[PDB]
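Q: Protein chains in written order, with my numbering: chain A, 1 to 215; chain B, 1 to 215; chain C, 1 to 221; chain D, 1 to 221.
C-beta: ideal position from N, C-alpha, C; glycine also.
Got a structure here, written out as structure tokens. Questions coming.
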Amino acid sequence: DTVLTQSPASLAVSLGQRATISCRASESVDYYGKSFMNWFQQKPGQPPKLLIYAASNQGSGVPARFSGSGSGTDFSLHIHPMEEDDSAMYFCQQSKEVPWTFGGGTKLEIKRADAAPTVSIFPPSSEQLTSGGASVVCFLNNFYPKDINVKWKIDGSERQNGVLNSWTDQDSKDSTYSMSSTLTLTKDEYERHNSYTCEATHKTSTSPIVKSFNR
Amino acid sequence: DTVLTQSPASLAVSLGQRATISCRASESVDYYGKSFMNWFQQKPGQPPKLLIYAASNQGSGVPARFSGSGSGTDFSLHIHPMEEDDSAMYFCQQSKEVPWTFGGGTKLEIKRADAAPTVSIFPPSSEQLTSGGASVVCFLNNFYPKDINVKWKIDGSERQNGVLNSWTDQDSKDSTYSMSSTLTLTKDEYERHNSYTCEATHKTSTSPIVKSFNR
Amino acid sequence: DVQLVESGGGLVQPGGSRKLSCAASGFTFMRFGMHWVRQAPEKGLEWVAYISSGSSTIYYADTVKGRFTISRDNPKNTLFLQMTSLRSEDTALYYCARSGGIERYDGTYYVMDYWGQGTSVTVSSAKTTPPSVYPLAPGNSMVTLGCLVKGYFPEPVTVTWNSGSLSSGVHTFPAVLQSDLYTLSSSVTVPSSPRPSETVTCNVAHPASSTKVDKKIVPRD
Amino acid sequence: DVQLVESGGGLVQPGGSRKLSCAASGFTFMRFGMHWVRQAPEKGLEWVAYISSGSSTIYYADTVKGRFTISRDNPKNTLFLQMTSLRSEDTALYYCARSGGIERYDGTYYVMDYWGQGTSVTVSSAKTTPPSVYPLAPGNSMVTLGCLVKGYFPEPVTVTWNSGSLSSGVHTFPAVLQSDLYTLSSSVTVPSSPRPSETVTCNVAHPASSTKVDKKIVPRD
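Structural data, given as structure tokens:
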């Protein structure tokens, strides 16, 4: 099997700049003088779309801002300039041998201005409490870069146990990211503590955004 | 008041081509050397976005593919190359005097290949018939250009009376248009006739697409 | 990030009154002048009013002079538009736009750089009416189904297929006004295999009449 | 216009079977070889099977060899994938891609030029469970509200706000699996004026349990 290895795994390019994704094969991919390397584009909740075929040929309706190159083992995808709609997963694929193999994908994103997150905290609902559970929800909305450190403090103590964080893919109109952190306990344990704190350290500041509530 | 007149009213440029929208003022718009012409872009169900300010300066995050020129009375917006996301209403506006005046707008669209429409016909529903009405609906889907001639035949007769046609804006991923044509009669009248035809003449053919049903 | 959010719109009777708000965020509100621009098919974009950061200066478009009153609450980051003596001609979508200053070489230049989604204001005496949803059942590998929602007022109506699951291949057409009542239609294309084996239902909502209806498309027979 | 629409997906027990279809449109189906490609977080894109226009030739990826069977109904413009002896490893989104040939003067080059939306196939023994929707009420010119929908299986769940009226400023987060039960949360931001003076409600639909619930966010107290 021809293994295709792309690099980097994730990018972040400012609007107007050039993005270049590398894809190398374990075995040659051009039979004769034609390179069987294809590139696809896949936006979230979307089927892949053919971008380049035979190494450097534009797919249908593909802007001249996307170009492909390389031969044999090493291939590259170029995007210049970067535009607000290009954020997507790009995969390379060889179609010389069977099976047809794809690369791991490279997630290219728009590097926008930094953006601090908007943290909101919500205590368990009466309805959930009534059912014996106590989920505390914390929304860290619209920040950039996605690199963030989300932690919980129960009465001042670090609680690693019981939380599920979830990020949203780069926003389409914003280029920001979002996240929900949820701490789940039992009604009983929830009632054993007073203070519940949701904290976020992000490069936009040295002090974390601490959001809290006393039950 | 400074009246701004845009031209053309509508366009249709192919991907990769250059679009040029003209905007002329009744009175000069540059105060000395500074031109006070601004351009906005408005995609359907969207607020207007600043594209160009002061005749030729690019707004924030606006690709180098958009440019503005002109002076005094005449100005122009340029788009090259054309891309699948550009379909929007473009407006010019002067900010030299009060009131602040905008042009009428120029609807730019992607000239894609011709596509014949997909016609579907539907008779009155039992529920609607049970209420005494009889709406006959016809969907002319996914075509291009939007220029289409839709007509109804009742037992072979031209029926101009009672129909409401409604087009969808150029589709975002397709670049096609669609349309519903609804003939409304009373349950009584509808039951006086046998054959109901929905017809469409479109440049993709010389004969119309006839869709009908016999109640 | 600059954020502007309008609210307050609705259906108002001719001669009536309505006050629109505009909630700003992501910028030092008290430092910027604000605007109110509106749109209507019979209008396009049309400037309505201007107010400086300190309100010392305000401008009105002639058609609005004497009836509307722009104002702001710098502490609440809110801009307002108090409309009175409404006429059909005022029916439109209202946007509040920020008068951002671009620091130019020849001095700062002001341009309405940020806009909100807007709020719809309809001025009519016509009476609020809930719509009637009728299933558009079929008479190829794909079948087109649909729903007709007629006789409602005012706009808008919300149309979804299978609660939002069926999203691809959906066409919800612009409503048409015929004698103070709107009529609209939506089509959904599915593989012929899925129908009728698998249920297709249009979910229609008309907030103004608090009416929400689900209509399953069943074969005629 | 080339058009491919997959269906048949769903939740299947380990060791079970399911057949996915793929309805084509816009091209002479019987002249194009077809493919089935699948994607999972832990897989990315992975080729599954290939079948020539006349089916005289077929290829299977090793992992699928002996269990799946690709086939086609040229007259009905349908392509199929019969899966049996399913394993969790088969859980993925299945796309059918069209093997189109670019008439190169160097010899026609074949590339999967058109794909479909795909169908979800989850292979698990975890039991179908309707979720619990809980109201996320607040403790600025804008206020963030939300809904927590936890304890459901399988995916997906549909979340809408105010029947879809509220669409701007909504974040519906990816569901997380924690012991065969999913949990997801959605957030809506509205001008502080609107709440609570005007209702905000999250409309949540879970097709698999045929559950649909609307939860109004009311102040805590």
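Establish whether the CB of B:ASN149 and some CB of chain C are separated by less than 8 Å.
A: Answer no: the Cβ-Cβ gap between B:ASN149 and chain C never drops below 8 Å.
Q: Here's the rule I'm using: 16 or more other beta-carbon atoms within 10 Å means buried, otherwise exposed. How should A:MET179 be labelled?
A: With 16 or more other Cβ atoms within 10 Å, it is buried.
Q: I believe D:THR199 touches D:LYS216 by the beta-carbon criterion, under 8 Å. Please report the beta-carbon distance rounded to the nearest angstrom.
A: D:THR199 to D:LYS216, Cβ: 6 Å. Contact.
Q: Run down chain D in chain order and give the residues with a C-beta less than 8 Å from the C-beta of C:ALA24.
A: Within 8 Å Cβ-Cβ: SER141.
Q: By the 7 Å beta-carbon criterion, what residues does the stretch 151-174 of chain D contribute toward chain A?
A: Cβ contacts with chain A come from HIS171, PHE173 and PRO174.
Q: Run through DSSP, which three-state label would C:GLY66 get?
A: The answer is coil: DSSP assigns C:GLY66 none of H, G, I, E or B.
Q: Name the two residues that bound the continuous beta strand (DSSP E) containing C:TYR134.
A: Run containing C:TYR134: 132-136, per the beta strand (DSSP E) assignment.
Q: What's the gap between the Cα of A:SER76 and the Cα of A:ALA19?
A: Computed Cα separation, rounded: 10 Å.
Q: For A:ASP188, does the three-state DSSP call read helix, strand or coil?
A: Residue state, collapsed to three classes: helix.
Q: For the stretch 16-49 of chain B, list every residue whose C-beta sits within 8 Å of some C-beta in chain A, in sequence order.
A: Taking 8 Å as the Cβ-Cβ cut-off against chain A, the residues of the stretch 16-49 of chain B that qualify are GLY16.
Q: Where does D:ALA208 sit, in a helix, a strand or coil, going by DSSP?
A: Helix.
Q: I need the DSSP call for C:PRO191, collapsed to helix, strand or coil.
A: The answer is strand: DSSP assigns C:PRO191 an E or B state.
Q: Under 8 Å, do C:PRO156 and C:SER209 count as touching if we go by C-beta distance?
A: Taking 8 Å as the Cβ cut-off, C:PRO156 and C:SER209 do not qualify as a contacting pair.
Q: Would you please verify whether the beta carbon of B:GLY72 is less than 8 Å from any beta carbon of chain C?
A: It does not: the Cβ of B:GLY72 has no partner Cβ on chain C nearer than 8 Å.
Q: Determine the chain C residues that contact B:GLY104 at a beta-carbon separation under 8 Å, and present them in chain order.
A: In chain order: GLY44.
Q: In this structure, how does DSSP classify C:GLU42 when only helix, strand and coil are distinguished?
A: C:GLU42: coil per DSSP, three-state reduction.
Q: Which runs of the beta strand (DSSP E), 3 residues or longer, sit entirely within the stretch 89-114 of chain B?
A: Within the stretch 89-114 of chain B, the complete beta strand (DSSP E) runs of at least 3 residues are 106-108.
Q: Check for me: the alpha helix (DSSP H) holding A:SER126 runs from which residue to which?
A: Looking at the DSSP string, the run of the alpha helix (DSSP H) that includes A:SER126 is 126-130.
Q: In chain B, what lies closer than 8 Å to C:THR91 by C-beta?
A: Those within 8 Å of C:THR91 in chain B number zero; the least Cβ separation is about 18 Å.
Q: Hey, out of C:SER141, C:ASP73 and C:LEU145, whose CA is closest to B:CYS138's CA?
A: Residue C:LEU145 is the option with its Cα nearest to B:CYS138.
Q: Is there a Cβ of chain D sitting closer than 8 Å to that of A:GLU199, yes or no?
A: By this cut-off, A:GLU199 is not an interface position.
Q: Would you mind telling me which residues of chain A sit closer than 7 Å to B:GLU83, beta carbon to beta carbon, in chain order?
A: Within 7 Å Cβ-Cβ: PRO63.
Q: Give a yes or no on whether the minimum CB-CB distance between C:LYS212 and chain D is below 8 Å.
A: So, interface residue.
Q: Under 7 Å Cβ-Cβ, which residues of chain C neighbour B:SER56?
A: Going along chain C, no residue has its Cβ under 7 Å from B:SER56, so there is no contact; the nearest lies around 12 Å.
Q: For the beta strand (DSSP E) containing D:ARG98, list its first residue and its last residue.
A: Taken as a continuous stretch (DSSP letters only), the beta strand (DSSP E) holding D:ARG98 covers 92-102.
Q: If you measure beta-carbon to beta-carbon, which residues of the stretch 105-128 of chain B are closer than 9 Å to chain C?
A: Listed by position, the residues of the stretch 105-128 of chain B near chain C (Cβ gap below 9 Å) are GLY105, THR118, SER120, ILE121, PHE122, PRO123, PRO124, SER125, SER126, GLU127 and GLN128.
Q: Taking only beta-carbon positions, decide if C:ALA205 is within less than 8 Å of chain D.
A: It does: the Cβ of C:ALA205 has a partner Cβ on chain D nearer than 8 Å.
Q: In chain F, which residues lie with their C-beta within 7 Å of the C-beta of B:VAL98?
A: No chain F appears in the structure shown, which is made up of the protein chains A, B, C and D.
Q: Quick test of your reading: D:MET30 and D:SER53, contact by CB under 8 Å. State the CB separation rounded to the nearest angstrom.
A: About 6 Å separates the two Cβ atoms, so the contact holds.
Q: Output the distance between the C-alpha atoms of C:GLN39 and C:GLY118, rounded to the nearest integer angstrom.
A: For C:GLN39 and C:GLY118, the distance between alpha carbons rounds to 9 Å.
Q: Under 8 Å, with one C-beta from each stretch per pair, do the stretch 148-167 of chain C and the stretch 149-159 of chain B reach the 3-pair mark?
A: Because the criterion of three Cβ pairs below 8 Å is not met, the stretch 148-167 of chain C and the stretch 149-159 of chain B do not touch.
Q: Please identify, using Cβ separations under 7 Å, the residues of the stretch 167-180 of chain A that lie next to chain D, in order along the chain.
A: Answer in chain order: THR168, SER178 and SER180.
Q: Would DSSP call D:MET30 helix, strand or coil?
A: Helix.
Q: Could you tell me the distance, in whole angstroms, from the CA atom of D:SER132 to the CA atom of D:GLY151?
A: Near 6 Å, if we compare the C-alpha coordinates of D:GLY151 and D:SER132.
Q: List, in chain order, every chain D residue whose beta-carbon is nearer than 9 Å to that of residue 217 of chain A.
A: This structure does not reach residue 217 of chain A, given that chain A is present from 1 up to 215, and the question cannot be answered.
Q: Counting only beta-carbon atoms, is C:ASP113 nearer than 8 Å to chain B?
A: At least one chain B Cβ lies under 8 Å of C:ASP113.
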